[PDB]
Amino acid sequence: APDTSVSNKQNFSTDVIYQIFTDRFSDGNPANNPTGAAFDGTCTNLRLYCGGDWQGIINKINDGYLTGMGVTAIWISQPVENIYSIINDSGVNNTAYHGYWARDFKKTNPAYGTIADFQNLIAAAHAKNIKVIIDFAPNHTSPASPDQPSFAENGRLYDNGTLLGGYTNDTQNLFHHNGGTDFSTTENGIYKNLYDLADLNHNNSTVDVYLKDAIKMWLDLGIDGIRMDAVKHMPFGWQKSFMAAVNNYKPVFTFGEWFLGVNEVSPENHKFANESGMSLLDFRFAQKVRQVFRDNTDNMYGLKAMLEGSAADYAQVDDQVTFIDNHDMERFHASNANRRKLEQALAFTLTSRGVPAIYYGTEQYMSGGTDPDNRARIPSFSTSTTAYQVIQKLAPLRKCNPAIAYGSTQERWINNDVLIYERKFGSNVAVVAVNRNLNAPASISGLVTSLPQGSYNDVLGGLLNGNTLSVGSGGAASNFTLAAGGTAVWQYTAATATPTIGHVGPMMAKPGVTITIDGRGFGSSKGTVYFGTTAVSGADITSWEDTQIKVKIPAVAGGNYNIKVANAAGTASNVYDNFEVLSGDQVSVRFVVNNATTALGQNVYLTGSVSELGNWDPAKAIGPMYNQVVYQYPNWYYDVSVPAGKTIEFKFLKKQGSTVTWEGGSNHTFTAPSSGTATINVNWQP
């Protein structure tokens, strides 16, 4: 099938995600509605169940609400069974309507529906070319008190009805008992409780295996993608091993949530997205968009800096999931603000690089403060809104104009309030003009583009006061006036002749796994696929077409490879880097080195004989290691993803900048478990 097919679980770049709070969307089956003080059909009390369910979602798919909008994917709340207890906070009754308080990852939340309702959801969706994404929060269970075991469900964890354990009397050590995080450090927010949520111990084989098995069930249920909750709160090493479990089984688009604040730029964030085997929700993008379009705390020069910076920081920028708001922030639209602010932000998001995500209700100009004011019930299903028509006109461009889905981004004109960018991919072009100034028009002159000679109509049809564009020779555009609050989209599409790689997924897996290569101009006849210098052809290429190729990963040594294709004629394409080949199936192992004294600013890293350890390359060493929570300096620790059952040689190193100090003596050795976890405790060798 084509790259734009609904069957494409590896690529969402051409889609438009619609984030749905199940409970707050549509109650299609009143029979499964929670009763008593846990329910509020009037949805006046936003901390209780309102009745939203999967059936309701199906109804909205079948009636044309979502399809008419141009939405090609839906991201729903966590489907797993949540606690049934009504948590009373200082007089405020609280329920697990959000689905974030898991009690059993192998069962569904009855309020949402049964397993059969879920299966029906997948079918109905797929039938309308809509992909299904599920929220997955394996960082914790529920709110618990080690003190008062009577509080909530004591964060109890069940395995398909079978009680595994609780936060109180945790003899098995399923959870972390390190207190609560203050978000002070990364390590602090990782090994300590997120709020009062019972923190899961991923270093426990039981938890490790259980979680990896739970997801496999969902995978089997036909999901097309996963949104990983609180990724900055779980060990990176375990998550990688988790991604490998998914990838080496049934690959699906996965993106996690790594909360970033205003003007917050984390290098840890970048590394995670680049090496974890999963992408992230673009918090850098969302925050900046809000500054520029919402609060006006930054200008177009800031938006531009964000675009060009992110493009350099993310190996796969096109994989980052963009948004303007969500269930954890104030809704973009302020009740007293000009709607044109939201419309423009929408238009910008839909035409920018990455994977656009729209928080349900946006199209309806919903306003609301922080949680839970931002999670009100959708007030209507009207298609007559401007924001609705905007998405409806721009959404589809992601499927018909590859420049928007995989294209580069280039600034072609800029000032405080105006921004004109160009998206380009192969013989495809898209030019977007935005004027955030709602009071003053802008005189556009000297604009140059990649558009062919001719006249271009505004894709938005003037909806946002857009205009036509006249392009002469050299793509030089005729002088024009950009109206206040004006937004215009111009484009040009044409068949690509040369093989052009626009996307790859999964980005990490072991040999034998089938990956997906999307782009243009691959030809209809099988060509050759290159993993570094290794050529692949014939049978291993399970599928080949102009826009998509399906090939199995060759049995090459573990490492980082550049992907490249060639058509039947021998014409090579562009390179697609950062593709990681695993040494095999993965396990999560905790490494511990004792008596490793360092100087302030100097950290300890881990290196080893496997690609998962950097193959003895200090530039690729694991770390910096931790030394606060679980173990304390001069004791360091770190959870790493390593090939299972493999006998690995390793050493530790002290690094300051690029300067390296090796551990003395001989290499440490050990055989990775074939399953579950392990803990390697060693002493620094002088």
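Note that residue numbering begins at 1 and tracks the sequence as displayed.
J.: So, looking at the entry's B-factor column for Cα atoms, which has the higher mean, 55 to 63 or 41 to 49?
T.: Mean C-alpha B-factor is greater for 41 to 49.
J.: When the C-alpha temperature factors are averaged for each of 530 to 538 and 490 to 498, which stretch ends up with the higher value in the entry?
T.: Looking at the record's C-alpha B-factors, the answer is 490 to 498.
J.: In this PDB entry, which of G512, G475, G256, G519 has the top CA B-factor?
T.: The C-alpha B-factor peaks, among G512, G475, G256, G519, at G475.
J.: Kindly indicate the residue among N269, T362, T168, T322 with the greatest C-alpha B-factor in the PDB record.
T.: Going by the entry's C-alpha B-factors, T168 comes out highest.
J.: Taking the entry's C-alpha B-factors for this chain, is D159 in the lowest, middle or highest third?
T.: Top third by C-alpha B-factor.
J.: When the modelled residues of the chain are sorted by Cα temperature factor, does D104 land in the lowest, middle or highest third?
T.: Within its chain, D104 is a middle-third residue by C-alpha B-factor, going by the deposited values.
J.: How does the C-alpha B factor of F21 compare with the rest of the chain: lowest, middle or highest third?
T.: Within its chain, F21 is a lowest-third residue by C-alpha B-factor, going by the deposited values.
J.: Taking the values exactly as deposited, rank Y626 by C-alpha B-factor within its chain and report the matching third: lowest, middle or highest.
T.: Middle third by C-alpha B-factor.
J.: In terms of the chain's CA B-factor thirds, is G225 lowest, middle or highest?
T.: CA B-factor rank for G225: lowest third.
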